[PDB]
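Here the authors' numbering is used: the first residue of the sequence shown is 27, the next is one more, and so on.
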Amino acid sequence: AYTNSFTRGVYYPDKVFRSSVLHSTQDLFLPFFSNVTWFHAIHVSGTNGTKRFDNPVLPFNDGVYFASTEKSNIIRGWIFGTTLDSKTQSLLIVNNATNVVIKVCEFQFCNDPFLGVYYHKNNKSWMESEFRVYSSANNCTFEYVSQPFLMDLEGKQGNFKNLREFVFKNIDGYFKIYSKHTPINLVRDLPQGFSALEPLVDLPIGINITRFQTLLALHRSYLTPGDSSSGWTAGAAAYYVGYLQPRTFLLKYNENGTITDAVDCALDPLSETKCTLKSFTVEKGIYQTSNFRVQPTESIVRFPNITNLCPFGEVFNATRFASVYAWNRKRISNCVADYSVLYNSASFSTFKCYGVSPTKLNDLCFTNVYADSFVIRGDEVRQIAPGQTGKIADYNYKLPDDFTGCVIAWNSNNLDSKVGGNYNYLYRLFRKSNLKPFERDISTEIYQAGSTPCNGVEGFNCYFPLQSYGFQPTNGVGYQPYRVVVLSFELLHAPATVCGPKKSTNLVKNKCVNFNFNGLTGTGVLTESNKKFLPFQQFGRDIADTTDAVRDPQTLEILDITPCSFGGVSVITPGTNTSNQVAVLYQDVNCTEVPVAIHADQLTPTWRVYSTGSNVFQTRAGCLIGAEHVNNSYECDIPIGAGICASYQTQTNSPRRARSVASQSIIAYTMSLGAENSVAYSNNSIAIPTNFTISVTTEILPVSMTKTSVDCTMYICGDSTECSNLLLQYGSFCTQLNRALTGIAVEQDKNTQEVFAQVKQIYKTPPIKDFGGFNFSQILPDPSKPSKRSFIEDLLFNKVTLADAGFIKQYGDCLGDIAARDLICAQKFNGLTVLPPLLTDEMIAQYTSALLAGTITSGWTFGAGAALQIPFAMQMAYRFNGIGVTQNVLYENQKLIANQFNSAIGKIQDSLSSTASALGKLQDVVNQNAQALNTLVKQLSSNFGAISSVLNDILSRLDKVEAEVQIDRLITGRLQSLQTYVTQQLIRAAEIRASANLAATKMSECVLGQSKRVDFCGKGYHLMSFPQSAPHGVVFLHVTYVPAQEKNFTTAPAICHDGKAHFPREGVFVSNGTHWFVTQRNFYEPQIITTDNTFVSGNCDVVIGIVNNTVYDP
């Protein structure tokens, strides 16, 4: 009975307070949807190998998730440890049902906690016995009592069956216990749903747990009615087991601050979107996510085919050394070092290691080493460091300003002593000959140069820098002789040659695996190197340290370190409300390795992803799984690349079909760009429209976003004194950036008023509305709303999150508090601000309305200058003249033009209202600032390598002097991140103001006059255009012409009448097939071919195209 751990195992990792935040992190987690070993009964061979024991001892394996159910209190406690005996320490963790008792005692092995053994009474056994499992308590170490973990007490309130889901962990010796209780109804299968597990007690027990079991106390059974021997264990408590693995997650809360749901950050390519995006709902499109890797484990990986220890003790058990001046160097090479037995034994007085941190010594492969043997005076040892100076340092031995291995110093009065003392060591005295690191000078400085202004010619007597060291064994301490060696490692100058005493193991290929080549501890898949290497080349960093290929130091063969098969992972999903399945794409990677792996591929189970027989597909964009190609091409919604798209809205597959799955199948195809049609080229004929279908489109444009700002400081500084002290010593940085905030913010308002204040004066609707049958109702404002806010823009407002997803009312705030007047944004907590527009919506609107009124009633003139009356009839007529249509057509066809107009308006509102997110760019900016702002928010929480992210604590619990560096590093980082944030807003400021200029143009040209530019203001011959604001934006109605209902017409540019080539003044000569007439290109107005509607010039004969006809002259 193995069963998916459907969603069970998730807990509370730490007790840091938080509310409704998608924080991703990683720990030892039982896999979800994962097999859990049921352990139920005594069923045959479940009791063999034991003493009729039902639920065997099990491997700990780094973590256990534990769960039991019952009708009534049955399941007793557990026992943990290495071996569960008195030989090795044990853990006895028992629920007395009166109290939970936890003991790390060394109790004798219990084959059964319930064995038929007892010695106080009649010899059989039973619960008559007083906890017979309590074998003996010798060398007990820990004892603890707490409240029971009662199992039925959960189920008592609701009269149901229950479970208790458990996670036992031992991290850093701390044995953390996380808990939960819940009712069930099904006992056959693991329930679907969700729950969280919270820490009960941490126990710093510090025993390597590897074996564990569950304990039960057998009373009896009633399966067969014979005797007390019918005390069958069959029908005893069952349970599940799984183990915990280091995989990443995501975790969520509710209003009450409690976990209600989670999305896994190590489960599924689909799930990884909801992880990385930090959403529980992913939208339609293509989304790229983070790659994966396998467990961190490996042996001593690959040290050279060299294996022989170095003779270190010679340096160390040596009785003949030199003085501090006579600092010798000794060569270490071509052997295996050890720094365990070196480090471990108790001989060294000084051991301190520089630029090198002393643990992994025995896994360090070195190129070469330098043993600096000499004897020092006891107090001088502190001066053995870079940054020291002194007679020994400045005049016996110096240090470079780069890495030197170690310092080893130790008293030598057991070998440097003669009862008469030791004058037998020496050092140089100062003589102003200051030198550089590592001069083995032994020159006798008896006479100087002489011309030096500090020596030679300066007042000397019998002085000799060679100063002997006079030891005495009866002299005391401080000046006792201290033999000292300077360890200095060269690394990376060559193949490393001397390694620590750690034998490496074999190597694997093509699997994502770490490794360590002579200290080169790297990772990836191992691909055979196709390079003719060069034999004095060990590792090839093809560019900028990228040690691309490696030659192993045991087999001497070359290996391209391909970083384990590397290629982007992106998803193809229709959304979340749509469905919960995904296509798996890898970027320019042929699916030849694992197609896709969460830590490994799998053949039959839920990871079923095959490069053949599964939903494999191959492109220049790399191989696809999930995606089955199909031949038919259509348009693209979720892109992939090269037109290859995985988006069919309506599939022929019924069951799943979501938008990218097709009955459990992601589909594959390419953008079809539209239909296919030859238009019949001829050299002599047109089709000129005999009707039209004008259209009005929706040109949607954001005009602004929030003029936020920040108290840079109180953002950062949170109003702290020493905070501000260190803050200022950086300085105007804050000032710089928020000055930018200023310029850009005021800038956007200038942009807005700019896109609005094009006119001197303000117009109102004329009360009578007899405007040629063109209804303006819905576009126009109505007094019923505050300040005559137009129907259309009201819909705009409602269609958008005026609240902007409520940045006054997301995860709420201080409720009803200083949060001021209920519509803008921005969740102000501290440091930050936003300032409401200089132009509130109301003016913004009534501008636009004045715009409208002018362009209707006075047309060209209201913004150009004085607004002058004109019938919008003949105004529209002149605008047809602007698109080149005579006022004849409008005159004749005024009513249907009106009707199309107003119907178009209605369709406009139909769209904008019905179509959600029609406004993309608007709410785009909204979202943009949303994240920018909110990120900025989160960035307070970045500890930045400090010991705490909050300024408060880092200042508080620290004395200032040390607090200086942490405070600083934080100042640096958060400051920096702000400055970044600033920069990004700047990015917008730019692209915004660009769009803003664009839109100001859009209005000015297409509205104060008539756009005559191609697709500037919408497809077609523009007539008029109209302003439709958004709280940070504007949309535009556009009156453009589209002809229709065409018919063939053979043509002739000239009419060859009366020996003279006659041509049409305005248009082209047209025929029905038999009658030659004149009409222009955008409509059939066949005309009697007159000299009035034509003209004569040149000759008719020389060039093709003409016909012969007659022409009528006035």
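Even for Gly, the Cβ is constructed at its ideal location relative to N, Cα and C.
Beta-carbon proximity list for residue i, same chain, < 6 Å, skipping 5 on both sides
i	result
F797	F898
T250	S256
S221	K206, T208
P507	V401, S438, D442, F497
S151	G142, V143, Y144
Rounded C-alpha distance that separates residue i from residue j
i	j	result
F347	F400	5 Å
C1126	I1081	7 Å
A292	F338	47 Å
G252	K202	46 Å
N925	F800	7 Å
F592	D950	32 Å
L176	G548	49 Å
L984	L977	11 Å
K462	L425	8 Å
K528	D389	6 Å
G1059	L1004	27 Å
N709	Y917	35 Å
Reduced DSSP category for residue i - H, G, I as helix; E, B as strand; rest coil
i	result
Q895	coil
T302	helix
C1082	strand
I598	strand
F800	coil
residue 15	Nothing can be reported for residue 15: it is not among the residues displayed for the chain, which extend from 27 to 1140.
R1014	helix
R1039	coil
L117	strand
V341	helix
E132	coil
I818	helix
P665	strand
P426	coil
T95	strand
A243	coil
Contacting residues, own chain, Cβ-Cβ under 8 Å from residue i (five flanking each side not counted)
i	result
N360	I332, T523, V524
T236	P85, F86, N87, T108
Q675	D663, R685
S689	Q677, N679, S680, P681, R682, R683
The alpha helix (DSSP H) enclosing residue i, as first and last residue numbers
i	result
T1066	Segment 1059–1067 is the beta strand (DSSP E) holding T1066; no alpha helix (DSSP H) there.
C749	747–756
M869	867–879
Residue i - containing beta strand (DSSP E), residue span
i	result
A694	692–696
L763	Run containing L763: none in the beta strand (DSSP E); it sits in the alpha helix (DSSP H), 759–782.
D586	584–588
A609	609–612
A958	No beta strand (DSSP E) holds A958; the alpha helix (DSSP H) holding it covers 946–964.
residue 12	The structure shown does not extend to residue 12, since the chain is modelled only from 27 through 1140, so no value can be given for it.
8 Å Cβ cutoff, residue i in contact with chain B
i	result
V772	Of the chains in the structure shown, none is chain B; there is only one protein chain.
Residues near residue i by beta carbon distance below 7 Å, same chain, minus five either side
i	result
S1030	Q784
Check your understanding: Does the stretch 577–593 come within contact of the stretch 540–551, defined as at least 3 CB pairs closer than 8 Å?
Key -> Output reads yes: the stretch 540–551 touches the stretch 577–593.
Review point. How do the stretch 48–62 and the stretch 301–310 stand: do at least 3 beta-carbon pairs fall below 8 Å, yes or no?
Key: In the pairwise beta carbon analysis, the stretch 48–62 is classified as touching the stretch 301–310: at least three pairs are separated by under 8 Å.
Check your understanding: On the three-pair Cβ rule with 8 Å, is the stretch 853–865 touching the stretch 732–741?
Key -> Counting C-beta pairs with one atom in each stretch, the stretch 853–865 and the stretch 732–741 have three or more that are closer than 8 Å, which means they touch.
Practice item. Count the CB pairs spanning the stretch 783–790 and the stretch 873–882 that are closer than 8 Å, and state whether there are at least three. Key: yes
Review point. Is the stretch 1071–1087 close to the stretch 839–859, with three or more CB pairs under 8 Å?
Key: no
Check your understanding: Is it true that the stretch 828–839 meets the stretch 798–814, where meeting means three or more beta-carbon pairs spaced less than 8 Å apart?
Key -> no
Practice item. Could you say if the stretch 264–284 and the stretch 60–74 meet the contact criterion of at least three C-beta pairs nearer than 8 Å? Key: When Cβ pairs closer than 8 Å are counted between the two stretches, the stretch 264–284 is seen to touch the stretch 60–74, the count reaching three or more.
Point to revise | At least 3 beta-carbon pairs within less than 8 Å: the stretch 278–294 vs the stretch 559–570 | key: no
Check your understanding: Do the stretch 908–923 and the stretch 1036–1053 touch if we need at least three Cβ pairs shorter than 8 Å?
Key -> Two segments are said to touch when three or more pairs of C-beta atoms, one from each, lie closer than 8 Å; by this definition the stretch 908–923 touches the stretch 1036–1053.
Exercise for review: For the stretch 485–503 and the stretch 376–393, state whether three or more C-beta atom pairs, one from each stretch, are separated by less than 8 Å.
Suggested key: In short, these stretches do not touch, since the Cβ pair count stays below three.
**Study point:** Validate contact between the stretch 1057–1075 and the stretch 721–731 using beta carbons, cut 8 Å, 3 pairs
**Key:** yes
Check your understanding: Between the stretch 159–169 and the stretch 127–134, are three or more C-beta pairs nearer than 8 Å?
Key -> yes
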